[PDB]
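Next come the chains, spelled out residue by residue.
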Amino acid sequence: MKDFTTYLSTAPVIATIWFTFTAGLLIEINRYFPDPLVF
Amino acid sequence: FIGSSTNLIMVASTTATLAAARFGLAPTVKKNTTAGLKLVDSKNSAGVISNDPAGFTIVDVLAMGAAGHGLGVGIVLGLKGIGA
Amino acid sequence: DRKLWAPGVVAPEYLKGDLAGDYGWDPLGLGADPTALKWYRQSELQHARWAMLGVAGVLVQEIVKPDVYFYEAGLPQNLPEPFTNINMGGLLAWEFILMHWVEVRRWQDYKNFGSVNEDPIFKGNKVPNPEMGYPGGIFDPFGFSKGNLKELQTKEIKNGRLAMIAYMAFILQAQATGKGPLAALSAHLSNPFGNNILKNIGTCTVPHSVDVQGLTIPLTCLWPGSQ
Amino acid sequence: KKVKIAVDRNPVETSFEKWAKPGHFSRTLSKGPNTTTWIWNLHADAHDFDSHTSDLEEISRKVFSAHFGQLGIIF
Amino acid sequence: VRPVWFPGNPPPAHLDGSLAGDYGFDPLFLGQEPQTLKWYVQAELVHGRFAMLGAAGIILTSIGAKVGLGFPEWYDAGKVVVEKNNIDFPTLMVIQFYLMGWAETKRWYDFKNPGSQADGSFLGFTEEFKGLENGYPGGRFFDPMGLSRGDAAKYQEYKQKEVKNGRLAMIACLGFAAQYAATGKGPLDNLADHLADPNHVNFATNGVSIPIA
Amino acid sequence: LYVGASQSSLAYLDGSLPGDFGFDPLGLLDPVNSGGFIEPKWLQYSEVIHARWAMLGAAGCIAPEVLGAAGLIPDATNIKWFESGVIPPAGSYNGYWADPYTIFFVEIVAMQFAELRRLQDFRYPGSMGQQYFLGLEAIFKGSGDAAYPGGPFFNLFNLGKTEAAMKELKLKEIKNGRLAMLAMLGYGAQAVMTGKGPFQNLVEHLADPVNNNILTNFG
Amino acid sequence: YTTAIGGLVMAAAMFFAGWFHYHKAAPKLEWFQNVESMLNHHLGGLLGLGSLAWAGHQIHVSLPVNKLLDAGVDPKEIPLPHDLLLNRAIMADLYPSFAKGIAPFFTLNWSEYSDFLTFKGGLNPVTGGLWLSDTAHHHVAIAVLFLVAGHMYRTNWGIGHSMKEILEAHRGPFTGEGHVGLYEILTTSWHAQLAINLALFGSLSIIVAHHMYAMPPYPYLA
Ligand code: CLA
Ligand code: CLA
Ligand code: CLA
Ligand code: CLA
Ligand SMILES: CC1=C[C@H](O)CC(C)(C)[C@H]1/C=C/C(C)=C/C=C/C(C)=C/C=C/C=C(C)/C=C/C=C(C)/C=C/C1=C(C)C[C@H](O)CC1(C)C
Ligand SMILES: CC1=C[C@H](O)CC(C)(C)[C@H]1/C=C/C(C)=C/C=C/C(C)=C/C=C/C=C(C)/C=C/C=C(C)/C=C/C1=C(C)C[C@H](O)CC1(C)C
Ligand SMILES: CCCCCCCCCCCCO[C@@H]1O[C@H](CO)[C@@H](O[C@H]2O[C@H](CO)[C@@H](O)[C@H](O)[C@H]2O)[C@H](O)[C@H]1O
Ligand SMILES: CCCCCCCCCCCC(=O)O
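Residues numbered from 1 in each chain as written, not as in the entry; some residues may be left out. Chains lettered and ligands numbered in written order. Part of a larger assembly, values for the part shown. Heavy atoms only, no water.

Method of determination for the deposited model, per the PDB record: cryo-EM, at 2.54 Å resolution.

Written as structure tokens, this is what we have:
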């Protein structure tokens, strides 16, 4: 399990998870707050 | 079907191909052929045991039966195509 | 050596012939554990005695009362006077209390051998209890235990096993033909080639359920026969 | 001369130990990165099976398993 | 030596039979690490206790619903309670989250630092929050009867009973969810329907579990 | 001994295994560089398992038709083996105590218990005789050969006490099983070809062998 | 949906096969070097059996369903493929030769099967694609030809051909030695095999593009 977690801690896996989280957050924000142009 | 032209041709083709390989006239599992179509000894990996005096194994029966069936099918379909 | 259950078979190591009626028969190895073997011996003795009582009761009831079906004798409307149409709740209460007391005493005797022999009310009234499942004393007032107890125990266990098989035979005969053992025997004697298991099987004469006074009790046959 | 099924039993142990060690297949990449070039090299020699080892049997086994992975992706 | 989940297979090295309900069941090696295993033990204990409470409540409410007592089903009890009584749903959510947050945060920081909640910073209580073992918080508050500080063998037996009952309750809660999602009725209604005709009223005849049936 | 034998198969087929007639033109029992499932132990075990299952299958596929022809069983029963509920498009029987899926789930649990315990005795010899199984572990110890466990239940009457008698009975078992496997293959081929039961095919062939065979059943 | 589930199952089987063949049962080098056996299996088994199986599906499913579709029958009213495969009455009504069963195939009366095995050519005027009877007959001929081609190389018996002997026997006065050493090159270098396979594979893909636009094989494709 330690080796598997270390593999999950590698740069491509971490980048994939982080970008999926960031993209999901932005998509959900644009979904609940459609068409945001100004503050 | 028994005694018809198709049955007689197929039986004759199978018997002819089986009799040729057994009497040293066609390639077998024991005798191969060179580039000049001359019979030469082979080096079969299986080495199928057979009580037959000429070394005729079941593999020879299957090969000759398939070749004879192909020849008989071709002859029957060819005669049916030319009106004979 | 003793005769085994089959010619050429080898008896297990734990079956050395100590218990009565030992034929070295244990295809499932359930007697490998000594504690489990003792408990199973007590269970076999209980089943044997209860089955002998049931077989004798069914036969005597069919002889004395041939117009009463033993399968439906448990219904309150089929009870004899003055117990006919009696409340089954009080009857179940009586049996539950008495049977619970005697079975708890027997169970405690199994857990701790020779610890409940004395009467809890009148001190001094004890049973000898030489072996588990054989209390004696008040249970044997005729004094038939002062002799060859081994052959008598063998006869008891063999008769009990035969009675177990016979009682299950009675149950399946009643579930497939709708009559008692003597009635089934007479019916088979009338036409052996017409009345047998070849044609009586596949039919379940027991109804789906029965309404005992106020509540309904579901019923079923041992095999999926035609209702 | 004899056509038969020749198979070795349990040659590689299934483990996640090498999953945490990038560039293990290459002797030069197993040391670790010092420059960014290494990262690109890690992907430029991943399927270069004949470059990792000179054993034809190991290369053939890797190719055969890679073919199964490709068929799984296609499926 | 001890019975395992799948007979014949040796148990894993990280499961030596010391924990309660140890049957060597870890094919994915999720609890291979010691700290992760400790965290998972506390998670399983919390899950089992919550599932036990949920199963007991569901069974009691279903019993009251089957007899003429007016009880609602478990899948409608929340709506019935919020509408029958003037209870605001977000307010109840916030109150529950406040109380659960306090209790769970104290339990969490006690897991990170064992015995740290026994300093007396919470109203002066010291021995009531010291904690006996991981996932087993003994004391006068959580164990007023003192069944964990007497007859060690009985305590181990009760630990085994607790973990097994918790696992069974978790399976029961999953069964409640699946039965409501498939049949659409209460759990006791499904039990009564099955007792009425077990050969034709089961998951093989509901038309949802087996689509090819 | 049989047709198709060769010197290549005779190298590893010395006659130790039951039913060893030197018939292996495909060389599936070569111990050199063998692994996975193509190895002597698994292949011999699979052959005896198929033999026993096919023996039960052949007897069970021909028993209802034969018993129905003699009048021993009623007319509601006595249906073709492929119309008993196995393949619903080919026919099904609605006289069971439950639907076939309920019975199938019962079979799933039952077969998983039996087959998985059998597999564990094959993987770990004697492992089924230690863990508690309601006292049944005393008869699941097996022996050295997974194909022949024996014990108080699997060898109920202690048949084949002598080594020669055991070898003789093992040869009889493997031969009967191979015959049953060929019979099951014939049952399936006759079911697809004629669309009738095997006993009906045998009766029709015995009535007129020239006009009832695979040649006349083509069209 | 059922095909998608089957594809997922096949994908799981492929991944399991790769893991099993790399970590549990790995083939030896001599197993990979059996080019004669591999070619025999790929020609006969893979290609020939795949063409035969697809011909069977076309004869039993594609031809009747598409015939009813082109006749104007609604897809819901068209019988299911298993219904077509279970009784001979529906197939006999759609194709009279099915009334004789597989008897004309064994009695060398193949001309009877001319209702579903034709040489129409051109295109279907209703759908614009190739006649499915022609495609079914095409796959039948392809299956027979590939099955015949799969019995050319020597594997474990005397019959068959040795590619090394064939390559060594081809030598003219303008090329010196000839194909000597080519058998060893193609049985020991994966890159040479990849080069040959990639070249023929790309050429075949281009040929596929040309033949597919010129002779549209699918209905409503042109
Ligand atoms: C590129 C494809 C490929 C190739 C070349 C091989 C080659 C090999 N495999 Mg393998 N395998 C494959 C794919 C392949 N496999 C896949 C996809 C799986 C997952 C299902 C497996 C799982 C697998 C296992 C578990 C094992 C092998 C084994 C073996 C080795 C010997 C056994 C054998 O295959 O002989 C002949 C094959 C058999 C005797 C069994 C065939 C039975 C199938 C069901 C026949 C039907 C398949 C056919 C495609 C379906 C026809 C259509 C039907 C509807 C009519 C051999 C070197 C064995 C081994 O390691 O030996 C050392 C072994 O144990 N394979
Ligand atoms: C979960 C099971 C499992 C485990 C624990 C291992 C473990 C191991 N394998 Mg193995 N293997 C497996 C399954 C497994 N394998 C399967 C299913 C296959 C068949 C494909 C293989 C075939 C295989 C080969 C041929 C080799 C190994 C090797 C190894 C060892 C080191 C390589 C490594 O894992 O780095 C990690 C590598 C990766 C994580 C790459 C994964 C790439 C996958 C298969 C393709 C993904 C496709 C992607 C989604 C599509 C690209 C599009 C893009 C936009 C995303 C290691 C001990 C190597 C070795 O032993 O070195 C000598 C060796 O060469 N394996
Ligand atoms: C009739 C036997 C047969 C069949 C059908 C195949 C089929 C295949 N082989 Mg294989 N091969 C065979 C015999 C066979 N082989 C023998 C005897 C040898 C040893 C001399 C090899 C050695 C070999 C190698 C070295 C390789 C292949 C590869 C392939 C695949 C090529 C991918 C493709 O484009 O096809 C189309 C794809 C499909 C049709 C997908 C369907 C796959 C199913 C499961 C059919 C596979 C059947 C096969 C016999 C496996 C059954 C064995 C059983 C134990 C499971 C393909 C599926 C390549 C590969 O490994 O791919 C993984 C490859 O590298 N083969
Ligand atoms: C791979 C290709 C393929 C396949 C799978 C089929 C399959 C089938 N064809 Mg077909 N056909 C094909 C190609 C194919 N065909 C081609 C190329 C042509 C053109 C010449 C034809 C022309 C054709 C015609 C004209 C007819 C068929 C018919 C049939 C069906 C019955 C065959 C028959 O009559 O008895 C054949 C008997 C067997 C194949 C033996 C069956 C073997 C069984 C499965 C063994 C099982 C044994 C097993 C142990 C059982 C135990 C079960 C277990 C659970 C206990 C059948 C489903 C007939 C039909 O469908 O009627 C409408 C029919 O009339 N075909
Ligand atoms: C171990 C392992 C590891 C390896 O490696 C792998 C694998 C196999 C994956 C594994 C397994 C896993 C599993 C089985 C899991 C499961 C769990 C569960 C089921 C939980 C539940 C759990 C469950 C739970 C808690 C539950 C609870 C419940 C509750 C609260 C309830 C409540 C309620 C009530 C009263 C009533 C009302 O009216 C409503 C409500 C509100 C609703
Ligand atoms: C030897 C050799 C050598 C070389 O080298 C290689 C080769 C060539 C490969 C070889 C050969 C092989 C072979 C021949 C095989 C075959 C097999 C079989 C046939 C199986 C079956 C097998 C078969 C089987 C199991 C079967 C079974 C059956 C069964 C269970 C049945 C059941 C049933 C019954 C009762 C009745 C009902 O109503 C139905 C059912 C429910 C359905
Ligand atoms: C090559 C072997 C491997 C491929 C196996 C293919 C078998 C597929 C299994 C499904 C079998 C369907 O096979 C089906 O057999 C039945 C047998 O009743 C035939 O059925 C037809 O003929 C029979 C008589 O022979 C009639 O009694 C029946 O009413 C009629 O429908 C169908 O024409 C055929 O389609
Ligand atoms: C496609 C096969 C073409 C066969 C060409 C035959 C050449 C005959 C000359 C053979 C010379 C020899 O065998 O010595």
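## A closer look at the overall build of chain G
Across its full length, chain G holds ten helices and one strand. N-terminal to C-terminal, the α/β element order of chain G is α-β-α-α-α-α-α-α-α-α-α. Computed over C-alpha atoms, the radius of gyration of chain G comes to 23 Å, more than 25% over the 17 Å expected from 2.2 N^0.38 for 222 residues, which places it beyond the range of a compact globule. Seen through its C-alpha atoms, chain G measures out along the principal axes to roughly 65 × 50 × 40 Å. For chain G, the distance from the average position of its 10 positive side-chain charges to the average position of its 14 negative side-chain charges is 5 Å. (Helix = DSSP H or I, 4+ residues; strand = E, 2+ residues; numbered from the N terminus. Rg over C-alpha atoms; globule rule 2.2 N^0.38 Å. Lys, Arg positive; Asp, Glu negative; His and termini not counted. Charge placed at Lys NZ, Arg CZ, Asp CG, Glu CD.)

## As for the overall build of chain D
A tally of helices and strands in chain D yields three helices and one strand. Relative to its length of 75 residues, chain D is extended, with a C-alpha radius of gyration of 15 Å against a globular reference of 11 Å. Expressed along its principal axes, the backbone C-alpha trace of chain D runs to roughly 50 × 30 × 25 Å. Out of the 75 residues belonging to chain D, those deemed buried represent 31%. (Buried < 20%, exposed > 50% of the residue type's maximum accessible area, 1.4 Å probe, protein only.)

## A few points about the packing of aromatic side chains
In this structure the tally under the stated criterion is 52 aromatic pairs over all chains. Ring centres of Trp18(A) and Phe21(A) lie 5.3 Å apart, and the angle between their planes is 35°; this geometry places the pair in the tilted category. Residue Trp18(A) and its partner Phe21(A) are both found in helix α2 (residues 11-32); the two are separated by three residues, about one turn of the helix. Since its relative accessible area comes to 54%, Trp18(A) is described here as exposed. Among the aromatic residues, ring-to-ring pairing joins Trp102(E), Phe122(E), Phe125(E), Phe129(E), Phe141(E) and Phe142(E) into one connected group. (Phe/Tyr/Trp six-rings, centres within 6.5 Å; stacked < 30°, edge-to-face > 60°.)

## Quick notes on the interface of chain G and chain D
Opposite the 27 residues of chain G that make contact, chain D presents 31 residues. Contact between chain G and chain D buries roughly 2800 Å² in total, counting both sides, with carbon and sulfur atoms accounting for 64%. In this structure, the salt-bridge partner of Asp8(D) is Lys28(G), at a minimum N-O distance of 3.3 Å. Remark: the boundary between chain G and chain D carries 14 residue pairs in polar contact. If you list the elements that add at least two residues to the side of chain G that touches chain D, you get α1 (2-24), β1 (25-27), α2 (29-32) and α10 (190-214) of chain G. Of the residues forming the side of chain G that touches chain D, the biggest block, twelve residues, is contributed by α1(G). Residue composition of the side of chain G that touches chain D, by class: 14 nonpolar, ten polar and three charged. As paired elements, strand β1 (residues 7-9) of chain D and β1(G) share three bridges and run antiparallel to each other. Pairing of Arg9(D) across the sheet is with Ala25(G), part of β1(G). (Contact = heavy atoms within 4.5 Å. Buried area = accessible area lost by both parts, 1.4 Å probe. Salt bridge = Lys/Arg side-chain N within 4 Å of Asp/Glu carboxyl O. Polar contact = N/O pair within 3.5 Å; in protein donor to acceptor, adjacent residues only side chain to side chain. Nonpolar A, V, L, I, M, F, W, Y, C, P; charged D, E, K, R; others polar. Pairing = 2+ DSSP bridges.)

## Focus on the site of ligand 6
Residues and elements named next belong to chain F. Near ligand 6 lie 17 residues; those nearest to it are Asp24, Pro25, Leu26, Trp81 and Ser84. Here ligand 6, which alone exposes 990 Å², has 56% of that area covered by the protein. Classifying every residue of the shell around ligand 6 by side-chain character gives twelve nonpolar, four polar and one charged. (Near = heavy atom within 4 Å. Areas by Shrake-Rupley, 256 points an atom, 1.4 Å probe, with all protein chains shown as cover.)

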